[PDB]
file input.txt (compact mmCIF, C-alpha atoms)
# COMPACT_ATOMS: atom_id res chain seq x y z
CA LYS A 11 4.68 16.78 29.58
CA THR A 12 5.27 13.91 27.06
CA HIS A 13 4.47 16.41 24.22
CA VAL A 14 5.36 20.11 23.71
CA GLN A 15 3.69 22.48 21.19
CA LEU A 16 6.44 24.18 19.14
CA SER A 17 6.43 26.56 16.14
CA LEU A 18 9.65 25.78 14.19
CA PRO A 19 11.15 28.44 11.90
CA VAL A 20 11.49 26.97 8.38
CA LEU A 21 14.92 27.96 6.91
CA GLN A 22 16.19 27.88 3.28
CA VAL A 23 19.14 25.37 3.15
CA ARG A 24 21.47 28.05 1.62
CA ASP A 25 20.83 30.44 4.62
CA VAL A 26 21.74 27.83 7.23
CA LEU A 27 24.96 28.79 9.10
CA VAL A 28 25.31 25.68 11.33
CA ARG A 29 24.51 22.73 9.12
CA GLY A 30 24.03 20.02 11.80
CA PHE A 31 24.01 19.23 15.52
CA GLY A 32 27.25 17.20 15.89
CA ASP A 33 29.24 14.14 15.04
CA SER A 34 27.36 11.04 16.41
CA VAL A 35 23.71 9.82 16.15
CA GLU A 36 23.45 10.12 19.95
CA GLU A 37 24.91 13.70 20.00
CA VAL A 38 22.70 15.04 17.15
CA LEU A 39 19.50 13.64 18.81
CA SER A 40 20.72 15.07 22.19
CA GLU A 41 21.56 18.52 20.72
CA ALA A 42 18.33 18.57 18.61
CA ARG A 43 16.22 17.95 21.77
CA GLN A 44 18.15 20.65 23.70
CA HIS A 45 17.66 23.24 20.83
CA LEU A 46 13.94 22.31 20.51
CA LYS A 47 13.51 22.89 24.32
CA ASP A 48 15.58 26.22 24.11
CA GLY A 49 13.65 27.55 21.03
CA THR A 50 16.94 27.57 19.01
CA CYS A 51 15.97 24.86 16.44
CA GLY A 52 15.09 25.43 12.77
CA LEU A 53 13.57 23.11 10.13
CA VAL A 54 14.73 22.65 6.51
CA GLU A 55 12.17 21.05 4.16
CA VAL A 56 13.77 18.13 2.30
CA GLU A 57 13.88 18.34 -1.53
CA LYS A 58 16.33 17.25 -4.28
CA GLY A 59 19.81 18.55 -3.32
CA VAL A 60 19.03 19.67 0.28
CA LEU A 61 20.57 16.81 2.31
CA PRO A 62 24.01 16.84 0.55
CA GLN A 63 24.23 20.57 1.59
CA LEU A 64 23.77 19.60 5.29
CA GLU A 65 26.07 17.68 7.67
CA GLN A 66 25.48 14.06 8.77
CA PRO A 67 24.34 12.67 11.06
CA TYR A 68 20.92 14.21 10.08
CA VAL A 69 18.03 14.66 12.56
CA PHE A 70 14.57 14.37 10.92
CA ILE A 71 11.15 15.18 12.34
CA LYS A 72 8.71 12.50 11.16
CA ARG A 73 4.89 12.44 11.56
CA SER A 74 4.13 10.04 14.48
CA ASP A 75 0.28 10.04 14.06
CA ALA A 76 -2.62 11.23 11.74
CA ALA A 79 -2.92 17.05 14.60
CA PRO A 80 -3.98 18.72 17.89
CA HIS A 81 -4.64 22.53 17.63
CA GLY A 82 -2.97 22.62 14.12
CA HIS A 83 0.23 20.98 15.58
CA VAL A 84 1.33 17.76 13.72
CA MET A 85 2.61 15.13 16.19
CA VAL A 86 6.26 14.36 15.35
CA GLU A 87 9.21 12.41 16.69
CA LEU A 88 13.00 12.55 16.04
CA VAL A 89 14.81 10.00 13.79
CA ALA A 90 18.60 10.34 13.15
CA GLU A 91 20.36 9.10 9.98
CA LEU A 92 24.10 8.32 9.40
CA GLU A 93 25.46 6.70 6.17
CA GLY A 94 21.97 5.44 5.18
CA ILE A 95 20.99 3.89 8.56
CA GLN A 96 18.09 5.49 10.57
CA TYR A 97 17.86 5.29 14.40
CA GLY A 98 14.16 5.31 15.08
CA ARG A 99 11.14 4.39 13.01
CA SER A 100 8.30 6.87 12.30
CA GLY A 101 6.12 8.33 9.49
CA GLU A 102 6.68 10.85 6.69
CA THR A 103 9.57 13.37 7.02
CA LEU A 104 8.38 16.96 7.75
CA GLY A 105 12.03 18.11 7.36
CA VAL A 106 15.58 18.07 8.75
CA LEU A 107 16.38 19.93 11.99
CA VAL A 108 19.33 22.37 12.24
CA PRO A 109 20.46 24.88 14.84
CA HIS A 110 18.78 28.29 14.47
CA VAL A 111 21.24 31.18 14.99
CA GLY A 112 19.04 34.08 13.71
CA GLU A 113 18.47 33.16 10.02
CA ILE A 114 15.22 34.71 8.63
CA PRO A 115 12.61 31.96 8.11
CA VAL A 116 10.26 31.61 5.10
CA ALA A 117 7.52 29.97 7.24
CA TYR A 118 6.70 28.31 10.59
CA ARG A 119 5.83 24.60 11.06
CA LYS A 120 3.55 24.01 14.12
CA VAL A 121 4.47 20.59 15.63
CA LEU A 122 3.62 18.59 18.77
CA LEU A 123 7.01 17.04 19.71
CA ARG A 124 7.08 13.71 21.60
CA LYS A 125 9.64 14.77 24.31

call {"tool": "encode", "arguments": {"input": "input.txt", "output": "structure tokens"}}
result
Amino acid sequence: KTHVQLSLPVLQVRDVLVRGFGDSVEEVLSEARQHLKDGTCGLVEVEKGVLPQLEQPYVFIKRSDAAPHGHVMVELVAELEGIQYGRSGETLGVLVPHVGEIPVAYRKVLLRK
């Protein structure tokens, strides 16, 4: 399928144990997609002071359309030193590995895979 319904655990930035997916734009997008498929991907909602507490490159989910079955359609955009790889809509948050942190919420998304 070109899209997959996922419910992403929303993590507080200060709980996050593994603060990014790797060391290159291509690796973080690769690892993000693998973790999304494996159900091992969390979401941190972006506010003042969040991103400097996480590791670059960043992987964002961004709204790709204006929401089947409650699931917002999203796609991945990476960012490294102020350059984004991909073009999409509003940021829903930054993806991180999930290693058992307790979430505050779930974000239902339809991921363009």

call {"tool": "closest_atom_pairs", "arguments": {"input": "input.txt", "of": "range 41-88 of chain A", "to": "range 117-120 of chain A", "cutoff": "10 Å", "atoms": "only C-alpha atoms", "output": "CSV"}}
result
residue,atom,partner,partner_atom,distance
A:52,CA,A:118,CA,9.1
A:53,CA,A:119,CA,7.9
A:79,CA,A:120,CA,9.5
A:80,CA,A:120,CA,9.9
A:81,CA,A:120,CA,9.0
A:82,CA,A:120,CA,6.7
A:83,CA,A:120,CA,4.7
A:84,CA,A:120,CA,6.6
A:85,CA,A:120,CA,9.2

call {"tool": "write_last_selection", "arguments": {"input": "input.txt", "atoms": "C-alpha atoms", "output": "PDB file, in the coordinates of the input"}}
result
ATOM      1  CA  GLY A  52      15.090  25.430  12.770  1.00  0.00           C
ATOM      2  CA  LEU A  53      13.570  23.110  10.130  1.00  0.00           C
ATOM      3  CA  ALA A  79      -2.920  17.050  14.600  1.00  0.00           C
ATOM      4  CA  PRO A  80      -3.980  18.720  17.890  1.00  0.00           C
ATOM      5  CA  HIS A  81      -4.640  22.530  17.630  1.00  0.00           C
ATOM      6  CA  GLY A  82      -2.970  22.620  14.120  1.00  0.00           C
ATOM      7  CA  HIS A  83       0.230  20.980  15.580  1.00  0.00           C
ATOM      8  CA  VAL A  84       1.330  17.760  13.720  1.00  0.00           C
ATOM      9  CA  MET A  85       2.610  15.130  16.190  1.00  0.00           C
TER      10      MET A  85
END

call {"tool": "closest_residue", "arguments": {"input": "input.txt", "among": "A:116, A:28, A:111, A:86", "to": "residue 16 in chain A", "atoms": "only C-alpha atoms"}}
result
A:86

call {"tool": "residues_around", "arguments": {"input": "input.txt", "residues": "residue 39 in chain A", "least_positions_apart": "4", "cutoff": "7 Å", "atoms": "only C-alpha atoms", "output": "compact mmCIF listing (two decimals) with C-alpha atoms, in the frame of the given file"}}
result
# COMPACT_ATOMS: atom_id res chain seq x y z
CA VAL A 35 23.71 9.82 16.15
CA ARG A 43 16.22 17.95 21.77
CA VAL A 69 18.03 14.66 12.56
CA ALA A 90 18.60 10.34 13.15

call {"tool": "residues_around", "arguments": {"input": "input.txt", "residues": "residue 70 in chain A", "least_positions_apart": "2", "cutoff": "7 Å", "atoms": "all atoms listed in the file", "output": "PyMOL selection string"}}
result
chain A and resi 68+72+88-90+103+105-107

call {"tool": "atom_distance", "arguments": {"input": "input.txt", "atom1": "CA of residue 62 in chain A", "atom2": "CA of residue 25 in chain A"}}
result
14.5 Å

call {"tool": "closest_residue", "arguments": {"input": "input.txt", "among": "A:114, A:56, A:95, A:123", "to": "residue 26 in chain A", "atoms": "only C-alpha atoms"}}
result
A:114

call {"tool": "closest_residue", "arguments": {"input": "input.txt", "among": "A:31, A:18, A:59, A:36", "to": "residue 104 in chain A", "atoms": "all atoms listed in the file"}}
result
A:18

call {"tool": "atom_distance", "arguments": {"input": "input.txt", "atom1": "CA of residue 48 in chain A", "atom2": "CA of residue 87 in chain A"}}
result
16.9 Å

call {"tool": "axis_aligned_box", "arguments": {"input": "input.txt", "around": "range 66-75 of chain A", "padding_each_side": "6 Å", "output": "lines of an AutoDock Vina configuration file"}}
result
center_x = 12.9
center_y = 12.6
center_z = 11.6
size_x = 37.2
size_y = 17.1
size_z = 17.7

call {"tool": "closest_residue", "arguments": {"input": "input.txt", "among": "A:51, A:23, A:121, A:14", "to": "residue 38 in chain A", "atoms": "all atoms listed in the file"}}
result
A:51

call {"tool": "residues_near_point", "arguments": {"input": "input.txt", "point": "(8.3, 25.4, 20.4)", "cutoff": "6 Å", "atoms": "all atoms listed in the file", "output": "short mmCIF file (atom, residue, chain, number, x, y, z; two decimals) with C-alpha atoms, keeping the file's coordinate frame"}}
result
data_model
loop_
_atom_site.label_atom_id
_atom_site.label_comp_id
_atom_site.auth_asym_id
_atom_site.auth_seq_id
_atom_site.Cartn_x
_atom_site.Cartn_y
_atom_site.Cartn_z
CA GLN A 15 3.69 22.48 21.19
CA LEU A 16 6.44 24.18 19.14
CA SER A 17 6.43 26.56 16.14
CA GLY A 49 13.65 27.55 21.03
#

call {"tool": "atom_distance", "arguments": {"input": "input.txt", "atom1": "CA of residue 109 in chain A", "atom2": "CA of residue 71 in chain A"}}
result
13.7 Å

call {"tool": "closest_residue", "arguments": {"input": "input.txt", "among": "A:115, A:55, A:110, A:124", "to": "residue 11 in chain A", "atoms": "all atoms listed in the file"}}
result
A:124

call {"tool": "build_atoms", "arguments": {"input": "input.txt", "residues": "range 85-96 of chain A", "atoms": "N, CA, C and O atoms", "output": "PDB file, in the frame of the given file"}}
result
ATOM      1  N   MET A  85       1.820  15.872  15.194  1.00  0.00           N
ATOM      2  CA  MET A  85       2.610  15.130  16.190  1.00  0.00           C
ATOM      3  C   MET A  85       3.815  14.541  15.466  1.00  0.00           C
ATOM      4  O   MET A  85       3.643  13.923  14.411  1.00  0.00           O
ATOM      5  N   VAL A  86       4.996  14.754  16.020  1.00  0.00           N
ATOM      6  CA  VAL A  86       6.260  14.360  15.350  1.00  0.00           C
ATOM      7  C   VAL A  86       7.142  13.686  16.379  1.00  0.00           C
ATOM      8  O   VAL A  86       6.929  13.889  17.599  1.00  0.00           O
ATOM      9  N   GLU A  87       8.093  12.914  15.878  1.00  0.00           N
ATOM     10  CA  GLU A  87       9.210  12.410  16.690  1.00  0.00           C
ATOM     11  C   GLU A  87      10.513  12.524  15.892  1.00  0.00           C
ATOM     12  O   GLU A  87      10.445  12.727  14.656  1.00  0.00           O
ATOM     13  N   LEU A  88      11.631  12.416  16.599  1.00  0.00           N
ATOM     14  CA  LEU A  88      13.000  12.550  16.040  1.00  0.00           C
ATOM     15  C   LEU A  88      13.483  11.179  15.561  1.00  0.00           C
ATOM     16  O   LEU A  88      13.351  10.205  16.318  1.00  0.00           O
ATOM     17  N   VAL A  89      14.019  11.136  14.343  1.00  0.00           N
ATOM     18  CA  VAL A  89      14.810  10.000  13.790  1.00  0.00           C
ATOM     19  C   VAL A  89      16.146  10.538  13.260  1.00  0.00           C
ATOM     20  O   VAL A  89      16.126  11.499  12.468  1.00  0.00           O
ATOM     21  N   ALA A  90      17.269   9.961  13.674  1.00  0.00           N
ATOM     22  CA  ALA A  90      18.600  10.340  13.150  1.00  0.00           C
ATOM     23  C   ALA A  90      18.956   9.410  11.997  1.00  0.00           C
ATOM     24  O   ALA A  90      18.427   8.248  11.936  1.00  0.00           O
ATOM     25  N   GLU A  91      19.834   9.889  11.121  1.00  0.00           N
ATOM     26  CA  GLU A  91      20.360   9.100   9.980  1.00  0.00           C
ATOM     27  C   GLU A  91      21.861   9.363   9.819  1.00  0.00           C
ATOM     28  O   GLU A  91      22.276  10.568   9.833  1.00  0.00           O
ATOM     29  N   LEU A  92      22.632   8.283   9.621  1.00  0.00           N
ATOM     30  CA  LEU A  92      24.100   8.320   9.400  1.00  0.00           C
ATOM     31  C   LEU A  92      24.450   7.216   8.403  1.00  0.00           C
ATOM     32  O   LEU A  92      24.112   6.036   8.691  1.00  0.00           O
ATOM     33  N   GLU A  93      25.048   7.604   7.272  1.00  0.00           N
ATOM     34  CA  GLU A  93      25.460   6.700   6.170  1.00  0.00           C
ATOM     35  C   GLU A  93      24.340   5.692   5.903  1.00  0.00           C
ATOM     36  O   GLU A  93      24.631   4.461   5.883  1.00  0.00           O
ATOM     37  N   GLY A  94      23.112   6.205   5.721  1.00  0.00           N
ATOM     38  CA  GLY A  94      21.970   5.440   5.180  1.00  0.00           C
ATOM     39  C   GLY A  94      21.282   4.574   6.216  1.00  0.00           C
ATOM     40  O   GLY A  94      20.300   3.884   5.846  1.00  0.00           O
ATOM     41  N   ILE A  95      21.696   4.635   7.479  1.00  0.00           N
ATOM     42  CA  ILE A  95      20.990   3.890   8.560  1.00  0.00           C
ATOM     43  C   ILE A  95      20.260   4.898   9.451  1.00  0.00           C
ATOM     44  O   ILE A  95      20.888   5.874   9.878  1.00  0.00           O
ATOM     45  N   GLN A  96      18.972   4.651   9.707  1.00  0.00           N
ATOM     46  CA  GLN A  96      18.090   5.490  10.570  1.00  0.00           C
ATOM     47  C   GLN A  96      17.966   4.839  11.945  1.00  0.00           C
ATOM     48  O   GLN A  96      17.927   3.585  12.043  1.00  0.00           O
TER      49      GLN A  96
END
